[PDB]
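Enquirer: just dropping in an experimental structure and the matching sequence.
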Amino acid sequence: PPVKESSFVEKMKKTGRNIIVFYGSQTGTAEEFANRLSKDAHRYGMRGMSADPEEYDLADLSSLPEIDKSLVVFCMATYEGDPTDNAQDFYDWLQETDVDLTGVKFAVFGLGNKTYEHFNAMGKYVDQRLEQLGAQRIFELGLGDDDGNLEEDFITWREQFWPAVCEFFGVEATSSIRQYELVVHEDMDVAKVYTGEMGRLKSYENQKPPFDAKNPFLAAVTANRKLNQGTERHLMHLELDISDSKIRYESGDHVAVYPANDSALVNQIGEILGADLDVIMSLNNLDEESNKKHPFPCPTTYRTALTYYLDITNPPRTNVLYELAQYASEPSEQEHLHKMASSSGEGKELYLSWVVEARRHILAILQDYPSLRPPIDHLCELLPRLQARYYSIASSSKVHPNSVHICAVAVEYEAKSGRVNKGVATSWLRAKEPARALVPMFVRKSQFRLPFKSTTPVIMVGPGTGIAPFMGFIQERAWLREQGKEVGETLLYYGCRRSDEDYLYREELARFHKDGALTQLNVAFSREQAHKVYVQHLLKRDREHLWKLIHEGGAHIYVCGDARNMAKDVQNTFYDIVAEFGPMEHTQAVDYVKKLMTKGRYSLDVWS
Ligand SMILES: Cc1cc2nc3c(=O)[nH]c(=O)nc-3n(C[C@H](O)[C@H](O)[C@H](O)COP(=O)(O)OP(=O)(O)OC[C@H]3O[C@@H](n4cnc5c(N)ncnc54)[C@H](O)[C@@H]3O)c2cc1C
Ligand SMILES: Cc1cc2nc3c(=O)[nH]c(=O)nc-3n(C[C@H](O)[C@H](O)[C@H](O)COP(=O)(O)O)c2cc1C
């Protein structure tokens, strides 16, 4: 129950703002777009502000007309067909309210992903809803797809948005501007310098519950072992101690962690910029009105920002490269960086393959464009924030109330940029050894859950790391039997490359099968023969029986793992199963399946 800020309209009035951009974001993408749109306002004679809708009462939109040439934009991302956490209040309000928004001008840009059933659902709603309430759309709804390239969809929409804005309000197209000012600190107590904590100063040292995204709990790594047998890759199992954290969790929930960048990568960035990473400083908002005093916990050292608060590995967005251009002394290199923001032509094509496709991180760009030597402080201002990574808890709270398990594949690949890229969180996690190695973390509740009725059949499909949440399920179902409860069939459809290469939890799964915790352990080994053998091939094999459990046993279906292809193929296989046994046409099988998803009997936990 957050305490709302006062009317945003009155703040707009007091600060001569005429445009406000709200962001529905969870990973900071929509939040970046909002700030870019808000900043853009200046280049058109207007002045805007960015804002988290959760901190305000959107009912005040009805007051927006009181401002001449006022306008509100919504950059909303979608999550499982739902609004982001910070946009829930707004969502619920849009449904219940009946307020008249006559005179209100708006525009919406949604951040979606096409390979989802509910693509840009939130943006579609906000856009349609504001109009029903009586507001008037000032520019078409933007439909951004992260499946293709979201950054590009945004550029295209944006490039057309402002001209429309200008034409309607009749404003002219009226300049590198810093958002913060640098303040070095030659001397000051070490007790007031942030060293990586995410919120309250010294919150990592002095831990006080409850713990969450703002006040993560530093859990000790009690176990970290290699799960796979072979050496092709590195899959690992970690156990985090959460005793005395008061944290509650259930199988199906996710555990997030705040990682630390590679120190060598941090040191190189400083070295190539001739900067002293150990300088203590702060970046204070040049706009004293905003509640955002700094871009990250300050005061702090550059080293610390680059290590715990900044994203130095994902490809830089076009606006960041656009601003850096000024710092490239070699003409041709300044030109390339400047054109990265293009909505077409060689500039766009160059950005797409040389930066995105090749996965060049900031350091790589600084090395391939040697004339580019920006001042460290302005760089830290442009870089996006370092995000937490989520992992499907691999343990059951019934069996391990004080411990959270993680099952992850360490990311490390050859990038077309020529260098080897390392995953921020997994590299960091992998290096944690039980001593007091700690991991900042918090739990996030999910809807991925075992059936309430212990007798309800369970069908789990989780190839590769998709097995994670299922180890928790199996433990819990095994615990239920020990507890004298009556458990229905528990079926696992797992998959890996080779039984002697990356068969995760081989020994543990064998045990559960032996004791009957698992009614069936169906494993598809994709590479032990010439043709591929996948989990869906096993589902098809056991189609008759699966149908029986589904249509007559009320079994719950669970799919975890890769969302690009595996989840879809598994889904298609279930369509064919229903269609054959119902029986019914494909179209009716798709409806039947989707229904199971709404009635909570077909759940997902996939990612990319
Ligand atoms: C809800 C949810 C549940 C998840 N559960 C788990 C889980 O239980 N176990 C688990 O292992 N992961 C899981 N993940 C993934 C996890 O959150 C991280 O994305 C993953 O561990 C990699 O993070 P990282 O920081 O190590 O790598 P990052 O530094 O975040 O890099 C990730 C990016 O590297 C790029 N990349 C990876 N390989 C290549 C390549 N070969 N070529 C080009 N680009 C590539 C991709 O853009 C990828 O997005 C889950 C994610 C979500 C959202
Ligand atoms: C767990 C998860 C669930 C998602 N669910 C959806 C979804 O239902 N629909 C959709 O269009 N996009 C979905 N996406 C994609 C995001 O909408 C897209 O990546 C967006 O750019 C994220 O913006 P943010 O960083 O501002 O939250 C999902 C992404 C993740 C990681």
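Expert: Great, that's in hand. Residues are numbered from 1 along each chain as shown. Ligands and ions are numbered 1, 2, ... in the order given.
Enquirer: do you know how far whichever residue of the stretch 101-250 of the chain sits closest to ligand 2 is from ligand 1?
Expert: Per Cβ to the nearest ligand atom, residue 112 is where the stretch 101-250 of the chain lies closest to ligand 2, at 2.9 Å. Heads up, the C-betas are built off the backbone N, CA and C, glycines and all. According to Cβ to the nearest ligand atom, to the nearest Å, residue 112 and ligand 1 sit 16 Å apart.
Enquirer: same deal with residue 476?
Expert: 17 Å.
Enquirer: skipping adjacent residues, who's closest to that residue in space?
Expert: Excluding the flanking residues, the one nearest residue 476 by Cβ to Cβ, 6 or more residues apart in numbering is residue 396, at 3.9 Å.
Enquirer: wait, doesn't that neighbour sit right on residue 469?
Expert: No. Using Cβ atoms under 8 Å, residue 396 makes no contact with residue 469, being 9.9 Å away.
Enquirer: for the residue in the stretch 351-500 of the chain that ligand 2 sits nearest to, what are its contacts?
Expert: Residue nearest to ligand 2 within the stretch 351-500 of the chain: residue 390 (7.6 Å; Cβ to the nearest ligand atom). Residues near residue 390 by Cβ atoms under 8 Å, 6 or more residues apart in numbering: 254, 255, 256, 444.
Enquirer: ok, residue 462 next?
Expert: 468, 469, 470, 492, 493, 494, 558, 559, 560, 561.
Enquirer: adding distance to residue 230, secondary structure and neighbour count as columns, could you present those in JSON lines?
Expert: JSON lines is the format used below for those (distance: Cβ to Cβ, whole Å; DSSP: H, G, I helix; E, B strand; the rest coil; neighbours: other Cβ atoms under 10 Å):
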{"residue": "468", "distance to residue 230": "19", "secondary structure": "helix", "neighbour count": "27"}
{"residue": "469", "distance to residue 230": "24", "secondary structure": "helix", "neighbour count": "30"}
{"residue": "470", "distance to residue 230": "22", "secondary structure": "helix", "neighbour count": "30"}
{"residue": "492", "distance to residue 230": "22", "secondary structure": "strand", "neighbour count": "26"}
{"residue": "493", "distance to residue 230": "22", "secondary structure": "strand", "neighbour count": "28"}
{"residue": "494", "distance to residue 230": "17", "secondary structure": "strand", "neighbour count": "26"}
{"residue": "558", "distance to residue 230": "27", "secondary structure": "strand", "neighbour count": "25"}
{"residue": "559", "distance to residue 230": "26", "secondary structure": "strand", "neighbour count": "26"}
{"residue": "560", "distance to residue 230": "22", "secondary structure": "strand", "neighbour count": "27"}
{"residue": "561", "distance to residue 230": "19", "secondary structure": "strand", "neighbour count": "26"}
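Enquirer: tell me the one of those residues nearest ligand 1?
Expert: The nearest one, if we look at the contacts of residue 462 relative to ligand 1 and count by Cβ to the nearest ligand atom, is residue 468, at 4.0 Å.
Enquirer: against residue 407, how distant is the closest one?
Expert: Between residue 468 and residue 407 the distance is 4 Å, computed by Cβ to Cβ, to the nearest Å.
Enquirer: helix, strand or coil for the residue nearest to residue 81 when sequence neighbours are not counted?
Expert: Counting by Cβ to Cβ, 6+ apart, residue 81 lies nearest to residue 118, which is 3.3 Å off, once chain neighbours are set aside. Three-state call for residue 118 (DSSP: H, G, I helix; E, B strand; the rest coil): coil.
Enquirer: gap between residue 118 and ligand 1?
Expert: According to Cβ to the nearest ligand atom, residue 118 and ligand 1 sit 16 Å apart.
Enquirer: got a list of what that residue touches?
Expert: Counting by Cβ under 8 Å, 6+ apart, residue 118 has contacts 78, 80, 81.
Enquirer: the longest helix along the chain: which residues count as buried?
Expert: Assignment by DSSP state H gives helix 150-169 as the longest helix of the chain. By 16 or more other Cβ atoms under 10 Å, the buried positions in helix 150-169 come out as 150-155, 157-158, 161-162, 165-166, 169.
Enquirer: outside of that helix, which residues touch it?
Expert: 29, 33, 36-37, 40, 43-44, 46, 69, 71, 105, 107, 109, 111, 138-139, 142-145, 171-173, 317-318, 341-343, 348, 352, 356.
Enquirer: among these, which ones are in strands?
Expert: Using DSSP state E, the subset of these located in strands is 71, 105, 107, 109, 111, 138, 139, 142, 143, 144, 145.
Enquirer: can you say which of those are buried?
Expert: Buried among the ones in strands among the contacts of helix 150-169 by 16+ other Cβ under 10 Å: 71, 105, 107, 109, 111, 138, 139, 142, 143, 144, 145.
Enquirer: now the third one: closest residue in space that isn't a chain neighbour?
Expert: Ranked by Cβ to Cβ, 6+ apart and with sequence neighbours excluded, the top spatial neighbour of residue 107 is residue 139, at 4.2 Å.
Enquirer: residues contacting the one you found?
Expert: 107, 160, 161, 164, 165.
Enquirer: before we move on, what about residue 320?
Expert: By Cβ under 8 Å, 6+ apart, the neighbours of residue 320 are 382, 383, 384.
Enquirer: reformat those residues as a markdown table; add secondary structure.
Expert: Listed next are those as a markdown table, based on three-state DSSP:
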| residue | secondary structure |
| --- | --- |
| 382 | helix |
| 383 | coil |
| 384 | coil |
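Enquirer: which of the residues you listed lies closest to residue 188?
Expert: Ranked by distance to residue 188 (Cβ to Cβ), the contacts of residue 320 are led by residue 383 at 24.2 Å.
Enquirer: burial count for that closest one?
Expert: 20 (other Cβ atoms under 10 Å).
Enquirer: got the phi/psi numbers for it?
Expert: Backbone torsions of residue 383, given as degrees, to the nearest 10, read phi -60, psi 140.
Enquirer: how close does it sit to residue 261?
Expert: According to Cβ to Cβ, residue 383 stands 11 Å off from residue 261.
Enquirer: how about the residues of the stretch 501-608 of the chain that lie near ligand 2?
Expert: When proximity is defined by Cβ under 6 Å from any ligand atom, the stretch 501-608 of the chain lies next to ligand 2 at residue 607.
Enquirer: same question, the stretch 1-150 of the chain
Expert: 25-31, 77-81, 84, 111-113, 116, 118-120, 146, 150.
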